Every structure is written in C-alpha cells, then in structure tokens.
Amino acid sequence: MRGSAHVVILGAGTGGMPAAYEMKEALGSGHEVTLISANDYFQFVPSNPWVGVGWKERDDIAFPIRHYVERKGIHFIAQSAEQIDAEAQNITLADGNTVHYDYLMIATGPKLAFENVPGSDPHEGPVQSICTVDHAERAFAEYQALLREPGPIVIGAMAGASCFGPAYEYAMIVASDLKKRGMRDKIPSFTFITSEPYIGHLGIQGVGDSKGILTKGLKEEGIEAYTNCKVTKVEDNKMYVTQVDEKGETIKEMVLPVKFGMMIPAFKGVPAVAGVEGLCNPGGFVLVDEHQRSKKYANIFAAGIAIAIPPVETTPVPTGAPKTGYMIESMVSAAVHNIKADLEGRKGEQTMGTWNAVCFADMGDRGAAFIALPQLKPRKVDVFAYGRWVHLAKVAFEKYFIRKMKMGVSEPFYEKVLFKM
C-alpha cells in the first residue's frame, strides 16, 4: 500500500530464504514481507548427491520453514504461484487465491527440463535425478534396486546442463559406496556421459587442473568417459547417445543399456515466471540489469538461478555456466538494497559485483573445490583444490548455513571470512 509497501519473495531456496530475512531486516515494521514457495520446507541442495547414495537423510538437510520466518515478522505461504500478472501485480496461487504485491523479488530457481529428452524424467524410466531431495530419495531407492539386481550404470550431464560438479560427485560416491559394500565388481559397465567438450570443463572452460584430476579420478574408479555427448531419448531402459565433433557433426552414436542412471538435466525458467510476457529470454530466465531489476518492470527484481546470464562460449553440444552460492548471495543482497532505496526516494546503485563460481564436493574422507573469477580467461583467481580439509569445510558450511536459515540474517552473510582475525 501507499507508504507501507508489500514486498513479495517468490521461492524459498538458496537465494529466496536469505532474501526474506534480509528484506524484513532492511525494511522494518513499516512494510509487509511475504515469502511464497512451492514447498513448506527448506532443503540444503548441495547435500542432495549424498542423499542420493544414502549417505544422508532428508531430516538432516531439510526443515519446515513457517515458524522460523514467522518469528521474524515474515508471512509465509506454502503454495506454488501458477500465474503472475505483472500489469495488475497479482500472483495467482495453486489454490486459486491471488496475492497483490508492490514489489516482487523472483527467486524461483530452475525448472528441471526433463522434457528435452523423452524418457529421461525420473518417473518415466531408469535415469534418475539428485537435484532435489524428493529426487535424491527416489534415486537411492533405485540404487538399492540396482544392488539387488546388478546391471549397467550410467551417470552424467545432459545437453544444456550448467551444473556439472554434482554429476562427478555422484559418480565418485556411487563408485565408492559400491566398493564399501563389496559390490563394485558385479557391475557390467560404469559409464560417464557428458555434454562438456572435455572432462572437467565444468561449464567454465576448466578451473585449475580440473581436467587432469577429474580425468584420472574417473579412470582410477574404472569409469569409462565420453564427452561432446547429447542424449536424444531414453527408451526401453536404454539411453540413446549421439557424440559429435568440434563442428557439431556426428562422429558416433551409441545405445547404452541402463539398470541405474542419473543425468543432470538442462535448467529452464519455471513456467509461472517464463510465462510473464516480455519478462524472460527464450529459456525462461529473467532479464535483469546490474542492479537485479527486471528490464521490463521496475517493481520486479530477480536473483539466483532464475536470472539470465549471457554465455561467453558456445560449445559443440550446448552447455551453460553455473550460477553458484556466493554470487547468488551477492545478487540477493543487491536486490534488497535497491528495493529499499526505491522505497526511500533513492535509486539503489548496488550491483552483484564480479562474476565468480565456487563449488564444493565431498567424496567421504576428502573433498574437491574450486574458485574461478571472473568468467573469461585469463582469470584473476583460478583454483582447484583437493584434500581432507575441503571435506571438513563442506561439513562445516552445511551446518552453518542451515543454522543461519533457522536463526535469521541481519548482516552480510559471508562475514564467514572472520576466520582471518
């Protein structure tokens, strides 16, 4: 309303949950902050591969949201948005109720585009997913069925994927868990299929010696690896794979039987968002300026995987660059600042800062991690690390981030760099 704006945050995920707390903190009791999300629970996404192999339980990485945001003065609606009318500024929910907003911050993350590859939906066949806790639990279940009746395994990333790390993580921990159970030698074949032009490209043209280390890692585990691949369909428990050359011409086709599989799908924008006329690129990603503000609607901001980021490269098989946690938090922070400035006469000048990618993977006793910035080479920082300490660090962050989501955020998150003083 006039003088008491209603700010709606769409999606309670890695960007959206912190955004709710930071928004309420920044605005105070004079304005209304409402968080709207498809699920009634928060989940720590980087832990999903471990759930998918059974090293973690849902209850470890997920919790109900309502009480934690409400104790902070934030309204929570556990309902999916089905339609957004940007002209009238009304959101229509699954149940048919509509919610008016003065500002909308979209943090809806990715739509998992299984439709790109007929038969690839985890409910349609043997190729599973570890992108969500619902999918990871399902993947483990299928993993157990593999144990009962051993057969070929196929893990990897689809054409158009942007999130490659989890594919490698999952393959390594599956190989490890097989050994730990003494079942590894019952597997007919273990294949790694990726849309990357080479092993360890990671959608970022490689980082440190990611290529040499991931290549040798897969070999060590007796995992056969193919690059420049796209899966055309999954059918009759078989994966149909087409491999191209640098010029995108077929150098071979393969038909791989799968008893158990997991392929990272391409990400698109969610339908309710993609469906807003003139808001998104053809992929369904919100077109924003450096201040995180929609280029079409002044009262619409966006953050996280939901936003569009121009490609810097064009690979033989389409691939994308990942949008990761540190950059997402900078996006959120910028959006909150600029919305507040809008509510106070100023035009917020805050930006996301320099593009970067940061990823951690835990293999059990030790981990791998990388930092790359900015996007194009030669970089200012281009590092890949492996060791027991990386494992200890992922463990620590998960427990920290989760506690933070229950307690509140009133400061710049990554003051985590207090381990210097």
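The first residue of the sequence shown is number 1, and the count goes up from there.
- Look at the mean CA B-factor for 204 to 212 and for 232 to 240 in the entry; the higher one is 232 to 240.
- Here the stretch with the larger average CA B-factor, out of 106 to 114 and 151 to 159, is 151 to 159.
- The top Cα temperature factor in the record, among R293, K323, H135, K72, falls on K72.
- Note on the listed residues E277, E249, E329, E82: the highest Cα temperature factor in the record is that of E249.
- Among all modelled residues in this chain, the alpha-carbon of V7 has a temperature factor (C-alpha) in the middle third.
- In the deposited entry, the Cα temperature factor of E87 places it in the highest third of its chain's modelled residues.
- Annotation for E313: C-alpha temperature factor in the highest third relative to the rest of the modelled chain, per the entry.
- Ranked by C-alpha B-factor against the other modelled residues of its chain, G30 falls in the highest third.
- Among the modelled residues of the chain, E124 sits in the highest third by CA temperature factor in this PDB entry.
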